[PDB]
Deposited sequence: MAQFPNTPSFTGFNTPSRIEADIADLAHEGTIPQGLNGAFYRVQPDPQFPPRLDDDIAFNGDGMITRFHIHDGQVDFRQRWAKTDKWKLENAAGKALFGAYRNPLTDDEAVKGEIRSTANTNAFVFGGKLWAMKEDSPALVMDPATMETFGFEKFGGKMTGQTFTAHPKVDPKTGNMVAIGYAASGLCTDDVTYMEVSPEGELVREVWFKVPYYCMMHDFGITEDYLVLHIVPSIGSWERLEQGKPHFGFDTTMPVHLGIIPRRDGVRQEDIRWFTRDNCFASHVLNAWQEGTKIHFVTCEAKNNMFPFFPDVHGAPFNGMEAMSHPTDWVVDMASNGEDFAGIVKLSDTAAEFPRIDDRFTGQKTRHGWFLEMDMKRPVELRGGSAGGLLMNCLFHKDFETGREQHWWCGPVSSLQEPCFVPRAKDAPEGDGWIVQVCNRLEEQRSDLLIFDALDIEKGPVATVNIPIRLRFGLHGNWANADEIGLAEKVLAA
């Protein structure tokens, strides 16, 4: 097929569309014998050229990559996430769905169909692989064969239209905690709060309303609460009618933080809202309670981080104000009123794609890992560093991938089920941009600054990834 000659489909964004298997990737260094499991990640990768002359990267069909690490070797498997969209378009031999989150640009033949590309997260839970996209139910797949089952509607018990791509697992119960925004239709202010049991049952779906419709991409959990930030990357049917990107950022609107009790029968009146001045924040490192306080650690920027979801009043993109920093938003449940208790910048390092040792989700975490944008580094062609913060000692570690590479989201892998927090490894894809290929890097998680202990060569150029996760072999049918 002939694709557009635009930045979204050329250079690093050239379509790939490869399904493949490779055993025992070539490598340097020593692949830890203690790793036995798999790292899953997803890349948007268009099956067909877009209906409109220039689509964006966030809109490509989900292609799932798995790195099966065992016995000191890494095997590679890549397969399509076979969404209804993928299947419909494969049958038709052409694109049928249009622009990002814009049903007014779809073929009449797919009116009412689920629009998911399942392209944002590859998450393992309850014996299934979840290929996730926040405008639809999640797609479920077999984590071992990577065949596709279909969308998870919980047998029809799910009443909302959508499911998050940033699920959190509660370490105490083992439940997946999820939201679904735009729950009653596009651009609505209805949201669901859901929990899924380890056995796969939807055990709670609570409907509530938020102050305004916006991109509710991420959230936090604590022991007793779901913590939902309301940030004004807004959208509307009118925007779609006027031919604009679904979302745009409004610098004049306030930011809110909602505290939803994680219990049966929660009502709107049970939800507490805090309010602060405008900023941008997308990803959540973690959240926790301490005394009467809730600590919500996010990557906050002064202004919009999505150039493709532009300022709603026509401002050009401000790259300097898009720089995000790990920041603790602190609210006090024993206070009166809506003011935050604190907004505390935690590092001067510019960072995003935050990760923790997920075994400690919802509890106070000593460690965080991030992709860092170090604008001081040489560049000979930008997420160019891996960044680790020890929040107890304050010590920061950095590893730079060099002047002709960039990095994808890291993932923490525990050494053992009983290992202390952060005792284990970091895995991440590295884009060798000049060489037109990719590496899988493996680090000792608490000494990233010495460099990866193994560099695993991938003889296939991977595309831009979104989110990824590790699961142990006995969780994915590979033991």
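Colleague: Numbered from 1 along the deposited sequence, what ranges are absent from the coordinates?
Modeller: Those parts of the chain that were deposited but carry no coordinates are 1, 383 to 390, 489 to 494.
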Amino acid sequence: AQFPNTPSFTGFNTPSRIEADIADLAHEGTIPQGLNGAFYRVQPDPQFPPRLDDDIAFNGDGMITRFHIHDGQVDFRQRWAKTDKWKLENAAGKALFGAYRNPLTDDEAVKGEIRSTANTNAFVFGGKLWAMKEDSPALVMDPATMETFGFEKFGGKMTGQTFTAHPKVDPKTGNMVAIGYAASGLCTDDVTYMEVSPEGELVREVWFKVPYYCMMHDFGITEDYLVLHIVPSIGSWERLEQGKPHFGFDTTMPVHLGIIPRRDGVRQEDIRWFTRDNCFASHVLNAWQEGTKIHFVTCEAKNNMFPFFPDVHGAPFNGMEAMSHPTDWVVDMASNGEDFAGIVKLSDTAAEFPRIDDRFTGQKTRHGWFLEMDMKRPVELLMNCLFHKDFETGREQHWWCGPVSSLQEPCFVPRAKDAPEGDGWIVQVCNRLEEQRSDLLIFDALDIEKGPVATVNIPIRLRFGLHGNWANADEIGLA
From here on, numbers count along this sequence of modelled residues.
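Colleague: 62 to 70 versus 412 to 420: which one carries the higher mean Cα B factor per the record?
Modeller: According to the entry, 412 to 420 carries the higher average C-alpha B-factor.
Colleague: Could you settle it for me: does 195 to 203 or 292 to 300 have the higher average Cα B factor in the PDB entry?
Modeller: Of 292 to 300 and 195 to 203, the stretch with the higher C-alpha B-factor average is 195 to 203.
Colleague: According to the deposited entry, which of 149, 306, 97, 86 has the largest Cα B-factor?
Modeller: Highest C-alpha B-factor among the listed options: 306.
Colleague: Per the entry, which of 130, 76, 317, 280 tops the list for Cα B factor?
Modeller: Top of the list by C-alpha B-factor: 317.
Colleague: Sorting the chain's CA B-factors, does residue 30 end up in the lowest, middle or highest third?
Modeller: For residue 30, whose C-alpha B-factor we compare with every modelled residue in the chain, the answer is the highest third.
Colleague: Would the CA B-factor of residue 116 place it in the lowest, middle or highest third of its chain?
Modeller: As the PDB entry reports it, the C-alpha B-factor of residue 116 lands in the lowest third of its chain.
Colleague: How does residue 180 rank on Cα B-factor within its chain, lowest, middle or highest third?
Modeller: Lowest third of the chain for residue 180's C-alpha B-factor.
Colleague: Test of reading the entry: by CA B factor among the chain's modelled residues, which third contains residue 380?
Modeller: Ranked within chain, residue 380 CA B lands in the highest tercile.
Colleague: Pull the Cα B-factor of residue 45 out of the PDB entry and bin it into the chain's lowest, middle or highest third.
Modeller: CA B-factor rank for residue 45: lowest third.
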